[PDB]
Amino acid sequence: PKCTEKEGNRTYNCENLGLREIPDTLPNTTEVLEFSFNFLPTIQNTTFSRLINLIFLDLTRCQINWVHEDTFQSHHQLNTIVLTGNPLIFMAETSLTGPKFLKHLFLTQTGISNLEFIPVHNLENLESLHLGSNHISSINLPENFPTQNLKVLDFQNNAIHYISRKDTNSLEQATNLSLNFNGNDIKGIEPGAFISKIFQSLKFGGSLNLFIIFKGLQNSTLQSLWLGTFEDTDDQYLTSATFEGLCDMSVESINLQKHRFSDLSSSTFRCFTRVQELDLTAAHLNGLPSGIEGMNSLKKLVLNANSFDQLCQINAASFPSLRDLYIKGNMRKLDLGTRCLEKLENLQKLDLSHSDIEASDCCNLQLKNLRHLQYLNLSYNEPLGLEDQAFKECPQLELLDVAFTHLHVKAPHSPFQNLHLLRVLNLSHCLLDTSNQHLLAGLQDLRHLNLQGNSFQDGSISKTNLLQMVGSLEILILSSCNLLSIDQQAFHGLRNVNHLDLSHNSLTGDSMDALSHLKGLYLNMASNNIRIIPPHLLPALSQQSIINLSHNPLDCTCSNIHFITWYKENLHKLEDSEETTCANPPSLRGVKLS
């Protein structure tokens, strides 16, 4: 029966309610209506007339058969219409006229086999047209079908087997157009069909013959080409031969995910000389060949989900100009070796996450010579043994992420000491030993620290602690650390913070003393053990911008009267208000503190 007010008088959700009409409940002011899984066999001028200001209308799977004339005449601001999954029988010529700038039409899985079915009258402002999972076999558009502003044209999972020059000429009016053919079994492409410079990006996912495709794309300029395959797709084998057609074209970015390389030689990459990004995800690789020469101008390489044994097997020598290197999700113990990326002088991003890495004297030799590195991600790995000055050899580092990778640091070592430009550090669930005061020494300028999921002596943060060594912090996350208390003078020395997360601990109102010297922060104290908030430190809360006190056993006796009038007065400033409710007394248990 009832819709949900997702945003004040402007967005509503009515999904799965089986409604046969728009409710009188829904107001004039509605702009976003999610109406999926209702029952509108026929749609007409009368159907949506009450809701004159719609911007986004989703009618997915509403069993619509008929979209009658002038349905949207009174809907000038309609931007997106979503008709996915309706068994459409007929759409009137003027059924979509009305909106002054209709920019997105979804006709996915609506049974369309003849593109003449789509009413052209008011489509000249279309930016995207979604025709996937229909019964289509030719991308040839009808004559006098507007294509000028068309920027995305999705043809997935259809029955397109051939693409001709005639077919593609249809789209000549477009500029920077991107087409998706994923899940069509393309048996041939007339060569030169994509000579037109208007084509930005193409996807031919799951295609069973790349030779055919490349030959078709001869003399063409593309930003990117997605030629990845899937588990379920039938078994092929790529060869050097396969890519012969590639050096008679130009593409910045290629994806060859999940493929199997028959006889991988350095000769296999003969035609990759102008490629800037290569993705060989889950390509069954145990290494790369040495001395390629044909990835001389690569900037981005993705080797995720492969099966390397030693890092040096990627033969980094091949790609000196490399900027970003991803080896996430390696499927067996990856040995980082030493000086293995030494040749990659200009590297800026390095992702080694989830690759089951067990370093032990880290990381100056493993990361030798990586002078320009800015982002390093070693998260979700087995334990690291971090040297004192662990990252000397990666000095200009900016964002370091080791979440969920247990750090072994022998006190009083400072592993981060040289990381003078590091602005974001994530040590979540790293099982630190917070007892070491010098653990963050040298990080005087860091702006964002995440110490989520770590422990403290006695479950308490004292006057003296490791955080007065990262004096600049703006964002500080101390959630889910089992804190029972924070000392009064624990955050003095941090005179910059504007985001403090103390949620999911067992802190109480007297811990709010530690915040008295701060102003206008986002303060998240959700899921704690706050009951009474003493009034003398009530102005500590009022000094801030946004507060979250939700999921606390808050007290609703007269002993907490001052806090209850404060909360009502400042309702606007309070985040997650709906879930902020009384524990005591029993009569008021569950009552929203409003």
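The first residue of the shown sequence is 1; numbering continues from there.
Look at the mean CA B-factor for 151-159 and for 518-526 in the entry; the higher one is 518-526. Annotation for 508-516 versus 70-78: the higher mean temperature factor (C-alpha) is found in 508-516.
Comparing the C-alpha B-factors of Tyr237, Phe230, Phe90, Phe181 in the entry, the top value falls on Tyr237. The maximum CA B-factor among the listed residues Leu494, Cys430, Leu425, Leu303, taken from the PDB record, is found at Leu494. Residue-level temperature factors show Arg10 in the middle third of its chain, judged at the C-alpha atom. For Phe145, the recorded CA temperature factor ranks within the middle third of the chain's modelled residues. For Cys363, the recorded CA temperature factor ranks within the middle third of the chain's modelled residues. Per the PDB record, residue ranking by Cα B-factor puts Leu538 in the highest third of the chain.
Ranked within its chain, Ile486 lands in the highest third, by CA B factor from the PDB record.
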